[PDB]
Structure formats: C-alpha cells, structure tokens
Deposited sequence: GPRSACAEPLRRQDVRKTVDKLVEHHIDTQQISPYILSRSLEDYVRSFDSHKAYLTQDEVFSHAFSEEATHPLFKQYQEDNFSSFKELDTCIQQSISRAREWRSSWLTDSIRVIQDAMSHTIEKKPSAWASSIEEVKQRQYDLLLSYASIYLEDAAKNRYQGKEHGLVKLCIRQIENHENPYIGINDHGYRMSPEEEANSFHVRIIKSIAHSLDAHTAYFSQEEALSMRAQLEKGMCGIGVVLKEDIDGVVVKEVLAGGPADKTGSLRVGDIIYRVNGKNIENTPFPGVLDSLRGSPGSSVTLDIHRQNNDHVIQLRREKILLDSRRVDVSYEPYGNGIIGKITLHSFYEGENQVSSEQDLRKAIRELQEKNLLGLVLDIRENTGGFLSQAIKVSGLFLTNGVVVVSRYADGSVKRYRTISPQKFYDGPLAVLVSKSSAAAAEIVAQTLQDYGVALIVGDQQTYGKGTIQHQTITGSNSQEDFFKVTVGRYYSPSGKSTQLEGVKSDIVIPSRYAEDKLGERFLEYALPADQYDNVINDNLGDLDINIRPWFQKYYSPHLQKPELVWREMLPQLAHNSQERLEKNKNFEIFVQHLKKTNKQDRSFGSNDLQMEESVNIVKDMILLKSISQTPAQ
C-alpha cells in the first residue's frame, strides 16, 4: 500500500491538530528534505558537502519541492534517494576490500558539516566501524550498520528484497517521518508496521530535628508519586522534620496528573499549570484543605535533565515561593504537549505556570546554582533540531475563576477563592544571603573545586572528589541556612 497520493492526505490529518503550524509551506519542505538526510545518516560519513548541498540545498533542490509536494511528484526527493544509493554502493564496496585485510581493521565528531573531499568521505566511513568495533571491550558487526542502511533498497526485516510496492513504503514512510520532524522536534510518523501495539529516602540530623532528603525519579501512577512522597514525609515527621530537599535531577517526566498531585502537597489552593492548545484554555486547579502536608523550608534540586513534568512542579512551586530551586541554572526546558493519533505523536499545546511564564526554551531558572553532571554538556531541548520558540500567558496566581461556567463559578467565590494560596516572601527574602553563602562554600570546597575541573577536562593532575553526593550536600547546607535564618527573624 502507501502509494504516492497517500502522503498528502496523511499529513492533513495531522496538521489540523498541530500546535503552531497547520499548513505546509516551502519553509517546512526544505527541512523535510533535511531530516531525510539527518535520520540517515546521523554521523555524516556517506556524503560530500557538495553532494549533500546540490541535492539538498541547491535552488534546483530546494524550491521545486513546491508545488511538487501538492503535485505528489517527489523527484527532488527521489534523486536524493537515488543519490544516497550511489553513496551506499560506495560504502559497502570499500568495506569489502577491508574484509580481506580484516586483522588490520581490528587495531585500535558531528560537525553538522559533511566532509568536503571524497577521500575524506573515505576515511570516516573507514573510521565508522571503529565505533562498533572498539566497543568490545565483523560479520556480526557489519550487519548492524547495514540493517539500518538497507531500507533504501526495499529489504525485508531479515534480509530479503521485497516488492517495489513494499519498497514503496520505505520511500514514502521516510518522506512523512521526515515531514513530521520538520514541523517541530517532538513529532515523528509511525507506520502500522511500527505501530505493533520509585522514591529514594534519606535524612541528616540537624539541631534537635532532621533534614529530609527525597529523590523522585519520575511521576508515575494506591502506589503513585503523590502517595509515596506522602508516605516518606509522614515517616520523616516521626523524627523532627525541620527542612526538606526534593531531588528531581534525573526526573524525565511522567503523568501531568501526578505533577498536580505532588505540587498540591506544598500548596493550599490555586492554579498549578495552564495549557491553551490550538483552541481555548484550561486552568488545572489544585484544591486542598487549609493544611498543606509539608509546611516548612523546601529546596527543589534539579538538573539540565529535569523534565517537563518535573519542570512544571519546579516552576509552580517557585511562583508561589514555597520552594527555592537549586541545581543547574536551567532545566531541560520541555514545555509542549504531545498526544497520540495510525500513527502520529504530535505537539498540540503549550504548558504555562500560574504566573504565565513558560518553560519552553528557557527552563525553570535556579535561584541558587549548583552545577550537576550535565553542567558542561550541551543538554536541553533548545539544541534539538526543530524546537518551538518560547511564549508567555496571562498571570493567574490570584484566580478570577474566569474560565468556568456560571453554575460552578459562584461556588469557588464562596469557598475556593477566600482560602486561595498567597505566594510567600519569607524564603525568597533571604535569597541574596543564601546565594552568597553557597558561592563561598563551593569555592572553598576542594572536592567541589575538583569536580568543576573534572567537567572541563582540565583535571590534568588526577584528583578525586570523594564518594559523597556533592549537589545534595550543598542543598542540605542551604536548608540548614534557611532554618537558622528563619529562627532569628
């Protein structure tokens, strides 16, 4: 199936629900041609810049796509899939001669620019197998770089060449997946064929009480992220809980449903997160009794790998000023919404915190910087190939209850609005004092001084920074300061 005409109808099912773009344009197409050459190959060893350019970026290559797309032609694309074969044919053969001298092969870089000279295309295709070769630490190997090279032939799962009609899928599947990507970073296309269908807890003694350390790896869902934290915090309160550090440095996300649930543990009433979509808006409220489960100093420890769901919690607990966000200066920065539907996984709406500030290309900003593992690594959505720009929404901290029906809306006014959570000042007030001490503590810490060098690869001299969690130890020290500072106010 999947004849040439299937693609134009396939995408119009998608674009109508897409978040920012709802109509194809040559701007989308020029990159639709690029993602074709970036899904294959991600190592840039098959082609020459000149060869890439003339077939991927020449005006003869870039601007006839329209109207060709509407026209279903795909010649500029078909020559590219013809041009790759020539590069493909060259690769295999080069390797055939090395099979002969295999013993020599055994002996033991993404410029975003392909090699200018063909003999340099040689050397890297030559230095390509070295990746999979040196991981151990050939026949078994050579297939691992060919199985993903073969869909441009029409190959079966196991190796047999299939009919042109089932060879027609791959050229047309990889023209649509190369389209879904160009719209934005978080949308790929899924074929039916591809559509086959907890919490660490520790504490440290301090004064006549303790400081809680809780690591949450993801928002999952009587056992959930909300439930286990409740179990932990309550168990800690047996000991005199004086402060709390919340670790989401490795939280790669989870249920939005749980992000609201966790956030409500440190809030009384009010909006937690807002998301518009293509049309409308929904302010996902949080309603709880006057009691907050944990009412005290709270430090949220994050990293560049902290995710959307984690960022939503961090950004929201920051706007209400019940939590100081410590860790890397900026979180991952994922603030978009993706949904299913075969098969599309498309970005449809933007996330917003109660203050209307978004986490889309900038993340949750840290009030106190504590560099994590990924500090010197370029990690974040901003570096994904097609990431959407940042926006902001109206501030909703004081809720007008303005997005409801007038049957329920009065009910809020009487019982939800008067006990609305007021953003706090006490913790963000002592912030310039806390940031000063942290900076001084880190500079005077030898282990942390080493850890910084170690990230910058300037640790020519070999030093060890111990076996303690350095990012956590500082966060504990920040909470120790918060407690004492409050105790003298």
query: Missing residue ranges, deposited sequence indexing starting at 1; finding: 1-8, 117-123, 153-167, 228-326, 351-353, 474-481, 630-634
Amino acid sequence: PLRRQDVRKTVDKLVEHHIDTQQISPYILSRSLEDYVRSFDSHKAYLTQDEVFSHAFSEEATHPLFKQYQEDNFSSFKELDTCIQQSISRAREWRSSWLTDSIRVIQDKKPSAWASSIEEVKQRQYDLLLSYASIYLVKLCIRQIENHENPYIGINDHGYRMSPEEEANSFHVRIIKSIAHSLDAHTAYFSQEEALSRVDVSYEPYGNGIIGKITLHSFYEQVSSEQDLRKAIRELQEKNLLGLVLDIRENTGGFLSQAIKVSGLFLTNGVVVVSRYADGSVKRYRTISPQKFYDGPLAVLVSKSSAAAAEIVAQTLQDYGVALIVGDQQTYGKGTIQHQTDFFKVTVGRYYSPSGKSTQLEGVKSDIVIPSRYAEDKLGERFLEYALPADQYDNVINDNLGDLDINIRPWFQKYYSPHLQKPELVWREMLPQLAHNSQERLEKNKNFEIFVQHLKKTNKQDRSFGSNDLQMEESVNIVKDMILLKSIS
From here on, numbers count along this sequence of modelled residues.
| item | value |
| --- | --- |
| 387-395 versus 96-104 - greater average Cα B-factor per the deposited record | 96-104 |
| Mean Cα B-factor comparison, 157-165 or 266-274, giving the higher one as deposited | 157-165 |
| Deposited CA B-factor, highest of 460, 441, 428, 67 | 67 |
| Member of 413, 147, 353, 251 with the greatest C-alpha B factor (per the PDB record) | 147 |
| Residue 436 - which third its CA temperature factor falls in, relative to the rest of the chain | lowest |
| Third of the chain's Cα B-factor distribution that residue 285 belongs to, per the entry | middle |
| B-factor third for the C-alpha atom of residue 186 within its chain | middle |
| Assigned third (lowest, middle, highest) for the C-alpha B factor of residue 62 | highest |
| For residue 56, the third of its chain into which the C-alpha B factor falls | highest |
